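One structure is given below, encoded as structure tokens.
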Amino acid sequence: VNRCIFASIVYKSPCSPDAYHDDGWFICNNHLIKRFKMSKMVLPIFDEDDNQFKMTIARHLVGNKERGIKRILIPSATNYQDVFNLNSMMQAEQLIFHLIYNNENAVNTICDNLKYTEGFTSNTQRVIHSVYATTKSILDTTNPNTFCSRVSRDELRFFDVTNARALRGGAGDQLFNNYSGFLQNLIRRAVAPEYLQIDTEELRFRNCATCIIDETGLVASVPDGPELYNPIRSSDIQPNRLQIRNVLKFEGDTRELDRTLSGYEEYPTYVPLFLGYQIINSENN
Amino acid sequence: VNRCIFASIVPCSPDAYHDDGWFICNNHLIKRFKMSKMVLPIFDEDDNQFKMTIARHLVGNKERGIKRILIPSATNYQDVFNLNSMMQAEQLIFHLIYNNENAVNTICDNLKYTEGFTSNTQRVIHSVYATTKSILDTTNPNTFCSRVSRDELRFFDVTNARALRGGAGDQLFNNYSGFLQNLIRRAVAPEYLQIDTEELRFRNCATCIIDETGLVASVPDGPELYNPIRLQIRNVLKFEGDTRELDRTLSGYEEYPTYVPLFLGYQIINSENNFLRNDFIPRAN
Amino acid sequence: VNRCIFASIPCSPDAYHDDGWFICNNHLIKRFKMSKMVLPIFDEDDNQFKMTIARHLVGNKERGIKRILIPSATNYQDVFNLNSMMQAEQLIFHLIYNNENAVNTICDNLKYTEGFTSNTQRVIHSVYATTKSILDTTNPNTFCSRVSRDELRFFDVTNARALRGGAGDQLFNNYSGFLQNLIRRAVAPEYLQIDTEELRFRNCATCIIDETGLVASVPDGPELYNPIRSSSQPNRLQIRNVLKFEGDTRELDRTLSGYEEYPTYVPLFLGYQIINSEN
Amino acid sequence: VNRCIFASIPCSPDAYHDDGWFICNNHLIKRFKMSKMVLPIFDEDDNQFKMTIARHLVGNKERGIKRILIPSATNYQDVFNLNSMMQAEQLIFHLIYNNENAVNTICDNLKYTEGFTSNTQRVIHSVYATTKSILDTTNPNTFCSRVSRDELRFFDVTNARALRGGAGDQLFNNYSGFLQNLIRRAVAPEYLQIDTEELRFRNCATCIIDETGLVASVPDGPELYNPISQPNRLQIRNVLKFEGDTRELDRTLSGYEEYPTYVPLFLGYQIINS
Ligand SMILES: [Zn+2]
Ligand SMILES: [Zn+2]
Ligand SMILES: [Zn+2]
Ligand SMILES: [Zn+2]
């Protein structure tokens, strides 16, 4: 039932129960925290008030104080190994990552290593092969670059729209493609465009984008100036050597005054992901 | 207790009864200015909290010009306010607000010309008048001994705050009646806040632009964002709610608000904090 | 009997307890960031006894003027928004600093009020008269006994062998005897010349005195860490910068509890002192 | 249950439990006139954290040899009469100080008198083997097989700023790894760069380590107030010159806090980055 690759892995995998349901997302929200700093979300859209589309969206908890690498949400096939250091991680995780990045050479090296171990042949071979095949089969349950484009559509999505005060830049759609198509689907669920064309009409959803794609990887960054403050809830996640941090935090009184005011309309303040443009065909000409 | 200015009417929401500086029902707020009494929760995620007002615009997307105007400039009041439709009390209120002494005295003589004034309704009417008067009087920051902002100053552009530049919008704000200034400063959340030692950016991009024509909802650039809500045409568009159910997973997903709240102007705090926050003094710069 | 001066007008319990200190610990903490305490002493043996020493409480990250514990009579008018607190405290401050001009100014400002010609005048006379009475009980006039007296004894270690001291050592003699005494009561002389031998009790003085007043400055290097602990304004808020650590040895701490604890503080030491024959 | 070295054939309650001190505090005083202690410190964010430290009680003593806290391998056999101990414990000290020539000299007298039934050979050799095993548990490099892989520490602060502690640190490295370990227990650094955070903890170091041994104090002039052949029979008697109160006037101050009354060992420089 549980789709999650981590739920396939064998420790604990206390997946968020959603993964047992129709949505079919590749990852439990828990592991979404684990490596991605992001929460799946919805942004319902409607005109006749039938709430029709309920389109998915994602929010990130990237700390404002993060710099450099930590700004990167998802590293490129270049240097993801350096970003992650999978030796901090189990062999199953290493396998999965190498598969996703198509590091088939490393996959070969791991299978060579395990070959000569008796615990491989005696016990683990069924686990390794079942996980390998199952994972790849899941990927190829979509892989719309392959498989007749059975899943989704051409979809007419673009992420590449000009920043008008930028130069005529734009690159690494090649890299987008090179991402295993489950990644591309994930993005197509994470990031809404600022714009959509209806078959006869265009609609705009935010004043400005919120995220960018470097050749290095997806980066939550302002196009200019300081990053916005992110109040990371800190409700959710080792320091075997002791770990320390400074932090800047509130102090002050008077909060009681809100007792009455709390009745008013209240605004959620998370950081959504915006980038790109969409259209629906009037006809599949 | 009910302190909506439109209690004077000779109907307000119960929410008006809170002792709060709105001095208006959400009812009349909507019915005149297409806005809602909203608030911002702000957190430092120890569950240390801070809070501010919000009011999303409600005016429909398509309509233009005066339709984009939320409240006209005094020089342009009647262009929006079709006074002839609007009851003399309403007219007098507005004229006072805009300082239209001329119209005030005009209505004064109209009292006599309304030979029904012989009915001694004048007593009630003028009582209502003075009632109204009271509130403006209280709002008047110019009263010598009234308390004023000194830890704080609000501005209506980034540059205007950052260098006290001759922001024409800020100039015209000052020129407006003190009540209007008060209501604006009450309603409008900034894009940025400087702090006694720090600065915070809430969004990379402002909501709207305003100019000497009046209070204006216009976007800074491009098209207005989507804004949802007998011999006539309902003209409704409709779209394929095919019932492709997904709630079985999505129901837990957090839903981003579909609203256009205010991120307009720039606040400075630049002093040893002595907020004294629990008082609605005019608190002028 | 309440000993604290401020109790005239929330005092710590030691105010009403038999403190030899002038001031309640609450007021001391608020104003000058210090805590009242002691050190024991031994006649080479279990035959042991005490001497008072305070420790200051100022943070590691305080800088410039903030480094001052007790400013001089000049700079204190800048260090403290004297307007920030009730007129009576202003008058008390001016009296203790001998700012009698400002005292008279406050008196005139009060008399200007039309409500002064009432029981307000009685209250004011009573309060400041009692304050002055205590002050003059502390201020030398024919003072000769052990109690509440000192007599030409030096902290300048180098000239104290000559029974002399530098102008900086003289400095506090410029202040009221109240100040001079309570200073020396709080801060231990690090060298001592007992009537029989001279000894040292610490090698590295923890605090310094300047014309600006009492500076809780390190003589050298970076300032030492301080945990600000315990101890208000509905009006006020701000942001705090908080260091913290993780990786707790919680179950090893059980074993760590098994041996003597040495707490850490900044006890106040400087200079030198001569001691009289005692009985 | 848990044991110190001196469980080797008395033991102390201090040695019912250990964290790599592996001596009674009894023996700490008995040998080097010091007591072990903990140094709790905190941030008020419920952020308590503790360090190990020791204190000596040998202030106001004179001419060095009286209050040297630790000998040197060059001189320990001189400053301590080896005849003070029996049952070849001299060999244990020779191991600790790396005088394996003296170890062999003792073994020359342990093979002599075979002790067929009592197996005095074994009687010494079991202790010696456990000593060597513990010493290489405190191996001078603590190679990763040796749990308790130490973090960096420096003592010559001035080159610890260059991470190049000089002759003092070289001599420390030459000293037996157990000595190094126990120094890590006893001596708090004057400075720690905890993720570059160069904290300072005291006005000044107290003790100083010479190539000849640990000296309780750098200065010998400004000595600090310090409370506390025919052996087993000596007596000393004291005289004091200070008429005063009958130790009751101080009862006024019975309520207030008192500052600690010790001279802990503060010395050196440390870095702990990532
Ligand atoms: Zn999972
Ligand atoms: Zn109303
Ligand atoms: Zn008091
Ligand atoms: Zn023992």
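To be explicit about the labels: the chains of the structure tokens are called A, B, and onward in the order shown, and within each one the residues are counted from 1, while ligands get numbers from 1 in the order they are shown.
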Using DSSP on the backbone coordinates, identify the residues of stretch 45-102 of chain C assigned to strand (DSSP E); present them as a PDB file with N, CA, C and O atoms, in the first residue's frame.
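What ended up in states-v3.pdb:
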ATOM      1  N   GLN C  48      37.414  29.032  62.156  1.00  0.00           N
ATOM      2  CA  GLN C  48      37.166  29.700  60.887  1.00  0.00           C
ATOM      3  C   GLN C  48      36.110  30.784  61.047  1.00  0.00           C
ATOM      4  O   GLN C  48      35.332  30.795  62.005  1.00  0.00           O
ATOM      5  N   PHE C  49      36.097  31.699  60.082  1.00  0.00           N
ATOM      6  CA  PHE C  49      35.337  32.941  60.163  1.00  0.00           C
ATOM      7  C   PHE C  49      35.133  33.444  58.735  1.00  0.00           C
ATOM      8  O   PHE C  49      35.397  32.722  57.769  1.00  0.00           O
ATOM      9  N   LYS C  50      34.667  34.686  58.593  1.00  0.00           N
ATOM     10  CA  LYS C  50      34.076  35.151  57.345  1.00  0.00           C
ATOM     11  C   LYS C  50      34.609  36.529  56.972  1.00  0.00           C
ATOM     12  O   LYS C  50      35.195  37.239  57.793  1.00  0.00           O
ATOM     13  N   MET C  51      34.397  36.895  55.708  1.00  0.00           N
ATOM     14  CA  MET C  51      34.458  38.285  55.276  1.00  0.00           C
ATOM     15  C   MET C  51      33.556  38.465  54.062  1.00  0.00           C
ATOM     16  O   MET C  51      33.515  37.605  53.179  1.00  0.00           O
ATOM     17  N   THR C  52      32.845  39.591  54.024  1.00  0.00           N
ATOM     18  CA  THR C  52      31.930  39.873  52.922  1.00  0.00           C
ATOM     19  C   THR C  52      32.689  40.155  51.631  1.00  0.00           C
ATOM     20  O   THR C  52      33.662  40.915  51.623  1.00  0.00           O
ATOM     21  N   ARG C  55      29.942  39.696  44.240  1.00  0.00           N
ATOM     22  CA  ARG C  55      30.297  39.419  42.854  1.00  0.00           C
ATOM     23  C   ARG C  55      29.378  40.203  41.930  1.00  0.00           C
ATOM     24  O   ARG C  55      28.182  40.340  42.200  1.00  0.00           O
ATOM     25  N   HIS C  56      29.941  40.713  40.838  1.00  0.00           N
ATOM     26  CA  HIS C  56      29.138  41.381  39.827  1.00  0.00           C
ATOM     27  C   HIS C  56      28.493  40.365  38.890  1.00  0.00           C
ATOM     28  O   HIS C  56      28.885  39.196  38.826  1.00  0.00           O
ATOM     29  N   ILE C  68      30.601  49.679  32.907  1.00  0.00           N
ATOM     30  CA  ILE C  68      30.556  50.310  34.221  1.00  0.00           C
ATOM     31  C   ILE C  68      29.587  49.558  35.121  1.00  0.00           C
ATOM     32  O   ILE C  68      28.456  49.249  34.724  1.00  0.00           O
ATOM     33  N   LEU C  69      30.030  49.260  36.342  1.00  0.00           N
ATOM     34  CA  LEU C  69      29.127  48.840  37.407  1.00  0.00           C
ATOM     35  C   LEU C  69      28.528  50.041  38.128  1.00  0.00           C
ATOM     36  O   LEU C  69      27.306  50.130  38.284  1.00  0.00           O
ATOM     37  N   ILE C  70      29.373  50.965  38.571  1.00  0.00           N
ATOM     38  CA  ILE C  70      28.927  52.158  39.287  1.00  0.00           C
ATOM     39  C   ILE C  70      29.630  53.362  38.672  1.00  0.00           C
ATOM     40  O   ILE C  70      30.825  53.575  38.925  1.00  0.00           O
ATOM     41  N   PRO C  71      28.945  54.169  37.866  1.00  0.00           N
ATOM     42  CA  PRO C  71      29.590  55.348  37.281  1.00  0.00           C
ATOM     43  C   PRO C  71      29.921  56.406  38.323  1.00  0.00           C
ATOM     44  O   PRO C  71      29.337  56.467  39.407  1.00  0.00           O
TER      45      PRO C  71
END
Just list as an mmCIF file with C-alpha atoms, in the first residue's frame whatever in stretch 46-145 of chain D DSSP marks as helix (DSSP H, G or I).
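After the write, out_20.cif holds the following:
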data_model
loop_
_atom_site.group_PDB
_atom_site.id
_atom_site.type_symbol
_atom_site.label_atom_id
_atom_site.label_comp_id
_atom_site.auth_asym_id
_atom_site.auth_seq_id
_atom_site.Cartn_x
_atom_site.Cartn_y
_atom_site.Cartn_z
ATOM 1 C CA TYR D 76 60.394 10.999 40.125
ATOM 2 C CA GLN D 77 62.703 8.300 41.504
ATOM 3 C CA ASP D 78 64.585 11.050 43.335
ATOM 4 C CA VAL D 79 61.655 13.018 44.734
ATOM 5 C CA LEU D 82 61.104 3.938 45.924
ATOM 6 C CA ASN D 83 61.599 2.132 49.246
ATOM 7 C CA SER D 84 58.376 3.846 50.341
ATOM 8 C CA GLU D 89 55.164 -1.484 42.882
ATOM 9 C CA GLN D 90 58.373 0.306 41.929
ATOM 10 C CA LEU D 91 58.027 -1.610 38.658
ATOM 11 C CA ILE D 92 54.554 -0.133 38.187
ATOM 12 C CA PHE D 93 55.941 3.377 38.583
ATOM 13 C CA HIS D 94 58.815 2.478 36.244
ATOM 14 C CA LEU D 95 56.267 1.424 33.628
ATOM 15 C CA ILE D 96 54.231 4.594 34.127
ATOM 16 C CA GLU D 100 61.615 -0.027 31.390
ATOM 17 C CA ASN D 101 65.284 -0.496 32.275
ATOM 18 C CA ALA D 102 64.185 -0.337 35.910
ATOM 19 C CA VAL D 103 61.277 -2.625 35.006
ATOM 20 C CA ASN D 104 63.818 -5.159 33.737
ATOM 21 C CA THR D 105 65.874 -4.589 36.885
ATOM 22 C CA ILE D 106 62.846 -5.546 38.983
ATOM 23 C CA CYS D 107 62.107 -8.552 36.771
ATOM 24 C CA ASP D 108 65.677 -9.681 37.462
ATOM 25 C CA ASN D 109 64.562 -9.910 41.109
ATOM 26 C CA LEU D 110 61.150 -11.420 40.327
ATOM 27 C CA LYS D 111 62.581 -14.339 38.360
ATOM 28 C CA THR D 120 55.164 -14.281 42.697
ATOM 29 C CA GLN D 121 56.014 -14.143 38.994
ATOM 30 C CA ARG D 122 52.283 -14.204 38.225
ATOM 31 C CA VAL D 123 51.505 -12.011 41.248
ATOM 32 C CA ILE D 124 53.424 -9.132 39.683
ATOM 33 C CA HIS D 125 52.868 -10.046 36.035
ATOM 34 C CA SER D 126 49.059 -9.960 36.110
ATOM 35 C CA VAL D 127 49.110 -6.431 37.532
ATOM 36 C CA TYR D 128 51.834 -5.414 35.079
ATOM 37 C CA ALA D 129 49.867 -6.785 32.116
ATOM 38 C CA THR D 130 46.680 -5.010 33.167
ATOM 39 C CA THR D 131 48.757 -1.851 33.616
ATOM 40 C CA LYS D 132 50.149 -2.122 30.091
ATOM 41 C CA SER D 133 46.687 -2.808 28.674
ATOM 42 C CA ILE D 134 45.279 0.284 30.380
ATOM 43 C CA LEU D 135 48.287 2.345 29.291
ATOM 44 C CA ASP D 136 47.662 1.449 25.660
ATOM 45 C CA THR D 137 43.962 2.075 26.207
#
Report task. Give the residue list for ligand 1 at 12 Å, counting only C-alpha atoms and all ligand atoms, as a PyMOL selection string, sorted by chain and then by residue number. Result -> chain A and resi 1-10+12-20+24-35+93
Grab the residues selected above and save them as a CSV table (one decimal), in the first residue's frame with N, CA, C and O atoms.
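result13.csv written:
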chain,number,residue,atom,x,y,z
A,1,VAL,N,0.9,-1.2,0.0
A,1,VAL,CA,0.0,0.0,0.0
A,1,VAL,C,0.9,1.2,0.0
A,1,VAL,O,0.8,2.1,-0.9
A,2,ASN,N,1.7,1.4,1.0
A,2,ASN,CA,2.6,2.5,1.1
A,2,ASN,C,3.5,2.5,-0.1
A,2,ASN,O,4.3,1.6,-0.4
A,3,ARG,N,3.5,3.7,-0.8
A,3,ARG,CA,4.3,3.9,-2.0
A,3,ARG,C,5.8,4.1,-1.6
A,3,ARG,O,6.7,3.8,-2.4
A,4,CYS,N,6.0,4.8,-0.5
A,4,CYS,CA,7.2,5.5,-0.2
A,4,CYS,C,8.4,4.5,-0.4
A,4,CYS,O,8.4,3.4,0.1
A,5,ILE,N,9.4,5.0,-1.2
A,5,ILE,CA,10.7,4.2,-1.3
A,5,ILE,C,11.3,3.9,0.0
A,5,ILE,O,11.7,2.8,0.3
A,6,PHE,N,11.3,4.9,0.9
A,6,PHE,CA,11.7,4.6,2.3
A,6,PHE,C,10.9,3.6,3.0
A,6,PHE,O,11.4,2.8,3.8
A,7,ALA,N,9.6,3.6,2.7
A,7,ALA,CA,8.7,2.5,3.3
A,7,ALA,C,9.1,1.1,2.7
A,7,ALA,O,9.0,0.1,3.3
A,8,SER,N,9.7,1.1,1.5
A,8,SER,CA,10.2,-0.1,0.9
A,8,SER,C,11.5,-0.5,1.6
A,8,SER,O,11.8,-1.7,1.7
A,9,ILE,N,12.2,0.5,2.1
A,9,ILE,CA,13.6,0.2,2.7
A,9,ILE,C,13.4,-0.6,3.9
A,9,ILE,O,12.9,-0.1,5.0
A,10,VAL,N,13.7,-1.9,3.9
A,10,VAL,CA,13.6,-2.8,5.0
A,10,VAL,C,12.2,-2.7,5.7
A,10,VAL,O,12.0,-2.1,6.7
A,12,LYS,N,13.9,2.7,11.6
A,12,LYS,CA,12.5,2.9,11.4
A,12,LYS,C,12.2,3.7,10.1
A,12,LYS,O,13.0,4.5,9.7
A,13,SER,N,11.0,3.4,9.6
A,13,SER,CA,10.5,4.3,8.5
A,13,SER,C,9.0,4.6,8.9
A,13,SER,O,8.1,4.1,8.3
A,14,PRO,N,8.9,5.5,9.9
A,14,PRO,CA,7.5,5.9,10.3
A,14,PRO,C,6.8,6.9,9.3
A,14,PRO,O,6.6,8.0,9.6
A,15,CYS,N,6.5,6.3,8.1
A,15,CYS,CA,6.0,7.2,7.1
A,15,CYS,C,4.7,7.9,7.5
A,15,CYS,O,3.9,7.3,8.2
A,16,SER,N,4.6,9.1,7.0
A,16,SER,CA,3.3,9.8,7.1
A,16,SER,C,2.2,9.0,6.4
A,16,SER,O,2.4,8.5,5.3
A,17,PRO,N,1.1,8.7,7.1
A,17,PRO,CA,0.1,7.7,6.5
A,17,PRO,C,-0.4,8.0,5.1
A,17,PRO,O,-0.7,7.1,4.4
A,18,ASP,N,-0.4,9.3,4.7
A,18,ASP,CA,-0.8,9.7,3.4
A,18,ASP,C,-0.2,8.7,2.3
A,18,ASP,O,-0.9,8.4,1.3
A,19,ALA,N,1.0,8.3,2.5
A,19,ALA,CA,1.7,7.4,1.5
A,19,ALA,C,0.9,6.2,1.2
A,19,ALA,O,1.1,5.5,0.1
A,20,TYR,N,0.0,5.8,2.1
A,20,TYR,CA,-0.9,4.6,1.8
A,20,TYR,C,-2.1,4.9,1.0
A,20,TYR,O,-3.0,4.0,0.9
A,24,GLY,N,-0.2,8.7,-4.5
A,24,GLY,CA,0.9,8.0,-5.2
A,24,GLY,C,2.2,8.7,-5.2
A,24,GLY,O,3.1,8.4,-6.0
A,25,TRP,N,2.4,9.7,-4.3
A,25,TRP,CA,3.6,10.4,-4.3
A,25,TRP,C,4.8,9.5,-3.9
A,25,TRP,O,4.6,8.6,-3.1
A,26,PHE,N,5.9,9.7,-4.5
A,26,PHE,CA,7.1,8.9,-4.3
A,26,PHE,C,7.6,8.8,-2.9
A,26,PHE,O,8.3,7.9,-2.5
A,27,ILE,N,7.3,9.8,-2.0
A,27,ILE,CA,7.9,10.0,-0.7
A,27,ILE,C,6.9,10.4,0.3
A,27,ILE,O,6.0,11.2,0.1
A,28,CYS,N,7.1,9.8,1.5
A,28,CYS,CA,6.4,10.3,2.7
A,28,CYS,C,6.8,11.7,3.1
A,28,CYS,O,8.0,12.0,2.9
A,29,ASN,N,5.9,12.4,3.6
A,29,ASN,CA,6.3,13.8,4.1
A,29,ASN,C,7.4,13.7,5.1
A,29,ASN,O,8.2,14.7,5.2
A,30,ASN,N,7.5,12.7,5.9
A,30,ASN,CA,8.5,12.6,6.9
A,30,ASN,C,9.9,12.6,6.3
A,30,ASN,O,10.8,13.4,6.6
A,31,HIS,N,10.1,11.8,5.2
A,31,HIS,CA,11.3,11.8,4.5
A,31,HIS,C,11.5,13.1,3.7
A,31,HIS,O,12.6,13.6,3.4
A,32,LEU,N,10.3,13.7,3.3
A,32,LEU,CA,10.4,15.1,2.7
A,32,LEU,C,11.1,16.0,3.7
A,32,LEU,O,11.9,16.8,3.2
A,33,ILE,N,10.8,15.9,5.0
A,33,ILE,CA,11.6,16.7,5.9
A,33,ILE,C,13.0,16.1,5.9
A,33,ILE,O,14.0,16.9,5.8
A,34,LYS,N,13.2,14.8,6.0
A,34,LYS,CA,14.5,14.2,6.1
A,34,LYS,C,15.5,14.8,5.2
A,34,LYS,O,16.7,15.1,5.6
A,35,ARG,N,15.2,15.0,3.9
A,35,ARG,CA,16.2,15.6,3.0
A,35,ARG,C,15.8,16.8,2.2
A,35,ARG,O,16.6,17.2,1.4
A,93,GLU,N,20.0,3.3,1.3
A,93,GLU,CA,19.9,4.7,0.9
A,93,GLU,C,20.9,5.0,-0.2
A,93,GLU,O,20.6,5.7,-1.2
Query - Residues within 10 Å of ligand 3, counting only C-alpha atoms and all ligand atoms, as a ChimeraX atom specification - result: /C:2-16,22-28
Requested in this report: Can you pull out every residue within 10 Å of stretch 207-215 of chain C, counting only C-alpha atoms, but drop anything in the same chain fewer than 6 positions away, and send it as a list in words?
Outcome: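 Close residues of stretch 207-215 of chain C: residues 32, 55, 56, 64, 65, 66, 67, 68, 69, 70, 71, 72, 73, 74, 75, 76, 167, 168, 169, 171, 172, 183, 187, 266, 267, 268, 269, 270 and 271 of chain C.
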